[PDB]
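Understanding the architecture of this molecule
Here is how the chains run, residue by residue.
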Amino acid sequence: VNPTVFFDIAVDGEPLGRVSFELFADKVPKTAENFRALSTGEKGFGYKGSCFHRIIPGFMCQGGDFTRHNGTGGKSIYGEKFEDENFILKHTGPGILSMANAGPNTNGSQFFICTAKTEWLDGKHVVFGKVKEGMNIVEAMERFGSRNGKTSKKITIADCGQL
């Protein structure tokens, strides 16, 4: 059965809500397992305490950089990077969960939640999940963003894990 993880989001330290994701381990098992193990911190590191450093309304909320907190760091459980598993799944609309990267086969820990349809990233970013509950909480994160991505308040993952 496809695993389910959750984020407890905080805005400048104040609780905001819970976002839960369905990870399509059946279709992208390696990518979904990385994200799952970073949400539980079972490898010693992960997402708990990291932030959403780049939020663009109408585009996507991006986070997952738990070593440099600005988009220049992060690492997977398999090493500093790992390959593109497949591009079966498409960026069909809001709620999609896809992996960020700096070129072919450079996936680490940085993901982005689509707040819109982003079909131009098909074949370039691996889709591996979707928001299951708390899409309202993601839309509340979006309003603390800006056209260039700098957030007006600190959006953090106060807690994460598996359900």
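The numbering scheme restarts from 1 for each chain and tracks the written sequence of that chain rather than necessarily the entry's numbering. Residues without coordinates are not displayed. Working from all heavy atoms in the structure, the side-chain values ignore hydrogens and water.

- This entry lists electron crystallography as its structure determination method and reports a resolution of 2.50 Å.

**Regarding the overall build of the chain**
- The helix count covers DSSP runs of H or I at least four residues long, the strand count covers runs of E at least two residues long, and both are numbered beginning at the N terminus. Broken down by element type, the chain carries two helices and eight strands.
- Beginning at the N terminus, the succession of helices and strands in the chain can be written as β-β-α-β-β-β-β-β-α-β.
- Put simply, the radius of gyration uses C-alpha atoms, and a globule should come to 2.2 Å times the residue count raised to 0.38. For 163 residues, the compact-globule estimate of 2.2 N^0.38 gives 15 Å, and the chain sits close to it at 14 Å.
- For the chain, the spread of C-alpha atoms along the three principal axes comes to 35 × 35 × 30 Å.
- For every residue, the accessible area obtained with a 1.4 Å probe (protein chains only) is divided by the maximum for its type, and the residue is called buried under 20%, exposed over 50%, and partly exposed between those limits. Burial statistics for the chain: of 163 residues in total, 52% are counted as buried.
- The contact rule is simple, with two residues in contact once any of their heavy atoms fall within 4.5 Å. The contacts in the chain between residues at least 6 apart in sequence include a share of 67% that link residues at least 24 apart.

**Overview of the nonpolar core**
- Ranked by internal contacts, the top residues of the largest apolar core, which has 43 residues, are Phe 7, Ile 9, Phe 21, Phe 35, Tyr 47, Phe 52 and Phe 111.
- Sequence-distant contacts of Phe 7, defined by excluding residues within four places in its chain, comprise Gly 17, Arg 18, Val 19, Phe 21, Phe 35, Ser 39, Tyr 47, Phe 52, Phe 111, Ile 157, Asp 159 and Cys 160. Definition used in this section: a nonpolar core is a set of buried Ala, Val, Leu, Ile, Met, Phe, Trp, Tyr and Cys residues joined via side-chain atoms within 4.5 Å.

**Here we look at the packing of aromatic side chains**
- What counts as a ring pair is set by centres within 6.5 Å for rings of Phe, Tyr and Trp (its six-membered ring), and what kind of pair is set by the plane angle: stacked under 30 degrees, edge-to-face over 60, tilted for all other angles. All told, the structure shown has 15 aromatic pairs when counted by the stated rule.
- Judged by centre distance (5.7 Å) and plane angle (50 degrees), the rings of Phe 7 and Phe 111 are tilted. Here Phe 7, found in strand 1 (residues 4–11), pairs with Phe 111, found in strand 6 (residues 111–114); they are 104 residues apart in sequence, far enough to count as distant. An identical accessibility class is assigned to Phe 7 and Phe 111; each is buried.

**Section: the sheet that holds strand 6**
- Paired strands are those between which DSSP finds at least two bridges. The strand order 3-4-6-5-7-2-1-8 describes an open sheet built from eight strands, whose pairing is antiparallel. Pairing within the sheet leaves two strands with one partner each, and these edge strands are strand 3 (54–56) and strand 8 (155–162). With strand direction ignored, the average angle separating the axes of adjacent strands in the sheet is 25 degrees.
- Judged from the four bridges that link them, strand 4 (residues 60–63) and strand 6 form a sheet pairing that is antiparallel. Residue pairing across strands places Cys 61 opposite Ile 113, the latter belonging to strand 6.
- Strand contacts of helix 1 (residues 29–40): strand 1, strand 2 (14–23), strand 5 (96–99), strand 6, strand 7 (127–133) and strand 8, with the helix running at about 50 degrees to strand 1, the strand carrying the most contacts.
- The axes are straight lines fitted to the C-alpha atoms, using for helices just the contacting stretch, and the angles between their N-to-C directions are given from 0 to 180°. Packing of helix 2 (residues 135–142) onto the sheet brings it into contact with strand 1, strand 2, strand 3, strand 4, strand 6, strand 7 and strand 8, and relative to strand 2 it is tilted by some 125 degrees.

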